[PDB]
Ligand SMILES: [Cl-]
């Protein structure tokens, strides 16, 4: 109200309204789902178009051979944060000959987002990210909020109507975690999860975007007729 | 962090007034009375040592300050603002003059340097004006004795005699009746003590009054002998005893 | 953050005026009147000190008329402290020009430089403008005798006769009435003092309430002399012109 | 440094500071530009509220940027000096690095770029100035006339006016200027320029300034008497 | 005085066929009259069907290869996984080398 | 007042949303992508008849294989074009090849959100970036001041955009010829323009693989206008 | 009014309302505690299980500084992480120059000055965390608690977050019933109990217990996480006491 | 470059400057004009290190031309020479000084007098009736000392200049490929196309 | 009304942010007292440990700035420690640069100048503390100098600070009105501490245990604080006469 003019101002109840408004931009964004087993991790994203003449905005970004994310909210902010991740993954490789741990990548994103919430002049990031990866401790899935909060999960979803997919994953928890050594069945579970967040529209060939990473699988993105198999 | 106040805090209002300068002048008005009188062979500056507590040692607080051996200063308004101005005024006398020309600046030019500092606080970013008016008395070879007033705006005027602060209006009237161009230094000191008594409520003695002069050279206060051209400072602060002696002939 | 307390000194009004420049001009309208009159054989500068006291040391005092170099002088209207900042800058520019080209700076070039500095404070920096209007009286071998004025906007113009400060409307009408092109310095001196005598807010115009200066080729042969009038000399010219 | 964003968008999609800068231009004295078949003429209003002025030394309204290009303006006078100075520096800088003088179009593009930069830079306000830039490109006999404004947009004009009561003189030019046959001579071009100012000026005395620019760096400013002869001839034809 | 350069010896050879290409190099690494290693690889697969070898001062050679491999990675990121053509890689390497025109990579390079 | 990079309660940047309003006031620009090329057309909208209309440059060359049309505060576009041209030529210097249309567009869009308290405000202009490369063929992008860019088969920006976009919705198909696209841009421009469309107040351009980016002559466009009038009178 | 809109502005009370509003964010957070024992310190924290999808034992909250200091906090988690990142820089530069690891009191002031610095200007926001931290140095065990204002003191026991009152009451009993002191292993058991008892204020969602400790005898003065059998033993002891 | 001469006569200044430019052991050009017009009535010839000469000359030219436009007025030869001297005196203590020696020949329209200034790369300025840089003075000054009068005509100045060039061509080891001669007077600057 | 938020003048010529910083000074509800002996300067302050969970040894508002200088603070502890750290740094720098120990009054002036800057520059807020510096100066002898948020400072014969400063001040005033000397005429510092405590008891009208007080003593060449047991010995002597 009087305490939402900038990010440097607490409300009387201890709330940061600019951060909460940035969180709101994620809810307006298109749905994206994340889930993993012990061998693989999968991203599934519903892409959004401007109209019938327009393309479908890309949702998934690669960060390294073993890591990448999906976005929901301001796409340019996802480009800035993904570019930062690319550099940090790359710094780890060039200096230490070491693939960057997914957990440490989350800690770096948290700290970068936090600086924008405590300083005058700047603004919080207006995007939520789902990071998947495979490192020395196996498969991982992270949820990033621009408040700075990063959370390691078995599965999750962000964007508009994401609550439907999240409930499904909460039921399916014991099933999909056990899908080891079977990439196609893990993607199926992700496609079935994101389907719980659809209304009016359905999953078409240029609508759906899927990514996967695993034990002997580099981070690869599937679009176009490559996802027709899963429709 | 960083000082993000890079904009002026003093600005012209629709009526053409610079509010912060006017308000600074109001702070000066509330301050304790101080005065200055110029004689033929000297200058005298004086003020009241308004002690905040009787437990406080008022000798440790110096309202009248030496700027150069031949220049002294006194104020009315905010004491801390005055203290830092004296520090800057002493330093600028060296950096912008003595280190260049090998001698102390004349009164008018040191005043000009102090004025410049106060003007900049009136225009520079993220600062308020100084809440003081200064009375600077001094002597130099080619201008003789002089007395200047400096205001929060940075304006400065030369005076034969004047007063600033609490009872300035009454004190300036008192000085207009008593001043002439034939006054000797002792006569000016006498008039200063008379004028200052009117604005003081409580005790009026050497311990509650601070008074200094710009007069003859003091070779006894130089600290060394052997150089004929160095004859000692013209600035001298009167002692508690020296004031009381002149209060019996009052 | 800090934005909350920013006055924003360098913005346009909806009418396309600069607020702070307009308010600074309002400030200057309360300042003591200063007059400049240009003649064929010299220039006059006359100015009124503001409500003085009997205890003010006049002979060592300077609030209105300042020397920029041997050929150029200025009359001030507004904040004296602001004016001295600018005056010292102008003195330096004149010396820089002299060091570079080994010739005295042309009057207009000095005026433009100061006017450009004033302009800067109206367009960038977020600082308040200088509350000063100048009258420049000078001589060079290109245009001869010249009068200029500059104000807080950084705009400057040339004049045959001009006033700044208080009662300029009344003062400009009186100058426009009695001024002629073939006029001489002694006549211009009389016009300047007569104009101040009629526009002054004081009861009477006396020597202690005036600063006066002339720039004359009345210097022995082809050269120019600046004369800042002493208190006694102002008192004499007041009697000569028949004001006291 | 002072970084405050002064020129910003409003809910309706307007940058008010840029629009208020145009109001400063509206206040400024009238300036007009007319290009003939082999010349361009720049006319400028001088407000007669200021007499006792020294016209020898008073800043003239038309400024030479180079020997072959000129610039006139309407708006804040102090602001215009900054644009002129920058333009003059760029003109010599171009001659120095490329060995050709600037084209009128290039010089205009630079000045307009400076004006634009001041509409989206922190801590600064827009120039309260619109300019008319005229001249002839090196080794070219085709006349050039351009206009700029505080927003930074620029364009070429067969004839154009800016400043106070520019709406009226533009009205005059739109009905009097024929594109198929522009003022064939210098006389006809100057006559049409003076006529257009006489719709707005008041007295045709020292209120009208005229500057004629011809090809190959041939630039001259007309005197009072020369202009006065145009003023005389125009009204004597009008009495009919 | 500190000498930032050294000589690790070695020799490399590239030959272009009609529809193939070879890049060969010995595996000996040396300083002065001593052998450091009898098998220290010198020719590298840099991705996108490109092979590179920077012969001369090994530290500068390793650094250049490392930076080009990195340049290939960022070419994919920035240009939608487009394959870096051999002519484009060559021009990119020119600019990598000329960054140090006044403190060079002391290597003769072949791709 | 309030921050320049402030979020609204709905999760949108105030300044970005306001710049979009300035673009709605701009003159109409239309792009149509086909397999024979991409056509770019604009409304010149001269404010007066004395303004020499051929000096209105709202269609611009970035490279031989990339063109660009603009709508809104067109003065803001100059630095964007300058950056685009530099990026295009610089990539050719570093990699001895043409730069991808998408990569060029992305480089332009990277400037968009570089504002705060960098430039003091977002750009007040939208761009239609049309071009051709070997990987993705003929492409048309819409570059906004939000930093977002969408690819389009056909797109209209400016004051008559939503009316034109509805028309482009019905008219566009994947088998359009270049000649058909040219007439289509002229048809829709004529529909949304205030003044009557002719060769002096409207401009056409195209980008083909063979000839690259070309702005059309007024004589060439005039014939396409006459061809349009006759084919509309034909039924 | 308007005194609460800007940081570093004194109200007519002499209060900095922006700091007091930061405390509200701390009070909103999960419960965290600290217990000073005979030859060391024990830290424990309540981790709310928002969903079944949270991977157990993965979202670690307690952080180590250097190798001998433990830090835990309640409130805005990112703010706490930022403070620990600074803490680590401070501890590194101390050791770099002076060789010895940073003493706990010395470390406490480094954080204290940094947090206090964020109450001096309107261009920064105060920290939305209260931090409990400590460890073992040459002079023995130390426990500290640091508020948004920059205020900190030494403690026998400390608690913050939504269930701080409940926790404090439990800590006060231990101080009274053990004047001679508490062992490191006892302190771990008690820490588990207190977090379980303090969970009544966050009883809607179930939680995950996380404990760490530095002890001269049990961990050689190094910070370690309580894991496996010792953690389960503490959970069992805690569950027995609530029933 | 090599030889630059200057002579001030009654009503004009005459500057003579060699035409040769040498790279290594080869003469690349034999028609080079080692001069720049600073203003309509001011000419500057130059000689020194390769590159620096032209860069400096053109930099000065740009500054004087900028001044001319700003003030709509031509600076006096004296004023221009003082500006040039300052730039060189500034330059000599720079990281990399400009190694250029100049002669400035100008006609002062105010005083109706020709003026010749000689300035070396250190910023050493002198007004002279005739001047030279490098070794040129060693051969020529004896002739100029003997034959020079201040009331000489332009034609007599050219004849004395021919005698100087002939002496240079006889006793200098280097072939400087003749000289380009230019005259600076009240009517401006012009080149003598046959010399 | 933004003249109340930052340090600029109000129409009355007042700085409200400075005045409100003075009010923050009493937020701790602690009273301090300083007196001078022949060879020593004693400072005492109330100690209040309201929470049983606190380590009482770490609760302190008395600071050892240098070997010779001690400082007691009236105000919130974050600002107190801010001032303490700065004073320590300044005292150390002074010794390094000028080759002798920083005098008590010089440090007071320096800290006062820093405080003045916060009253003039907008971006810096005043510290809500009153700093009382004590030493036995090698030139001036026993010394008490006190700094406040206005940038004001002055020397004292004795002084008091806190919510009930006026009661303590008058009590001390009345004693020095009797004795007619500027100090406590006593040889040992132990008896000067006993005087300080006795007169605080009389002025406040409260009894003190060993844990209710905090004492600092300055002698020639060192300043030190007393332990609880040292204070107990002091309290026993007071009760036994
Ligand atoms: Cl200091």
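Chains as they are written, first to last, in PDB author numbering: chain S, 3 to 233; chain O, 1 to 250; chain P, 1 to 244; chain Q, 1 to 240; chain Z, 1 to 111; chain R, 1 to 117, 125 to 242; chain T, 2 to 244; chain X, 1 to 195; chain U, 2 to 242.
In this text, a Cβ means the ideal position worked out from N, Cα and C, and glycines have one as well.
Inset, instruction - May I have all residues whose beta carbon comes closer than 6 angstroms to any heavy atom of ligand 1, sorted in chain order? - result: U:111, U:114
Inset, instruction - Name, please, each residue of chain S whose Cβ falls closer than 7 angstroms to the Cβ of residue 203 of chain T. - result: The premise fails here: residue 203 of chain T is roughly 17 angstroms from chain S at the closest Cβ pair, so nothing lies under 7 angstroms.
Legend entry - Segment contact flag, the region 195-215 of chain U with the region 231-238 of chain U, C-beta cutoff 8 angstroms, min 3 pairs: yes
Inset, instruction - Anything in the region 158-187 of chain U with a Cβ closer than 9 angstroms to a Cβ of chain O? List those residues in chain order, please. - result: 158, 159, 160, 161, 170, 173, 174, 177, 178, 183
Inset, instruction - Output the residue ranges of the beta strand (DSSP E) runs that lie fully inside the region 101-176 of chain X and measure 3 residues or longer, sorted by chain position. - result: 113-119, 125-127, 130-132
Inset, instruction - Excluding the 5 residues preceding and the 5 following residue 248 of chain O in the sequence, name in chain order all residues of the same chain whose CB lies nearer than 6 angstroms to its CB. - result: none
Legend entry - Within chain S, the residues that residue 6 of chain R reaches when beta carbons sit closer than 8 angstroms: 7, 8, 20, 125
Legend entry - Proximity to residue 76 of chain X [Cα-Cα], best of P:156, P:133, P:142, P:110: P:142
Legend entry - Rounded C-alpha distance that separates residue 165 of chain O from residue 32 of chain O: 6 angstroms
Legend entry - ligand 2 heavy atom lying under 7 angstroms from the CB of residue 213 of chain Q: The model depicted lacks ligand 2 and carries ligand 1 instead.
Inset, instruction - May I ask you to list the residues that DSSP assigns as paired with residue 209 of chain T? - result: T:48
Legend entry - Span separating the alpha-carbon of residue 142 of chain T from that of residue 164 of chain U: 36 angstroms
Legend entry - Minimum C-alpha distance to residue 211 of chain T - residue among T:20, T:97, T:46: T:46
Legend entry - One or two residues paired with residue 139 of chain O in a DSSP bridge: O:145
Inset, instruction - Have a look at residue 120 of chain U and residue 131 of chain U and give me their C-alpha separation to the nearest angstrom. - result: 15 angstroms
Inset, instruction - Decide if residue 112 of chain P is buried, meaning its Cβ has at least 16 other Cβ atoms within 10 Å, or exposed. - result: buried
Legend entry - Those runs of the beta strand (DSSP E) which lie wholly inside the region 159-201 of chain Q and span at least 3 residues: 159-162
Legend entry - Per DSSP, the bridge partner or partners of residue 64 of chain T: T:72
Inset, instruction - Please go through the same chain and pick out, in chain order, the residues whose beta-carbon is closer than 7 angstroms to the beta-carbon of residue 13 of chain P, but skip the five residues on each side of it. - result: 19
Inset, instruction - Enumerate in chain order the residues of its own chain whose CB-to-CB distance from residue 217 of chain O is below 8 angstroms, with the five nearest sequence positions on each side excluded. - result: 231, 232, 233, 234
Inset, instruction - Give me whichever residues DSSP pairs with residue 158 of chain O in a beta bridge. - result: O:148
Inset, instruction - Could you spell out where the alpha helix (DSSP H) holding residue 146 of chain U opens and where it closes? - result: No alpha helix (DSSP H) holds residue 146 of chain U; the beta strand (DSSP E) holding it covers 142-148.
Inset, instruction - Using a Cβ cut-off of 8 angstroms (strictly closer), state whether residue 81 of chain Q contacts chain P. - result: yes
Legend entry - residue 183 of chain T versus residue 190 of chain T - alpha carbon distance: 11 angstroms
Inset, instruction - Taking only the alpha-carbon atoms, compute the straight-line gap between residue 194 of chain O and residue 250 of chain O and give it to the nearest angstrom. - result: 7 angstroms
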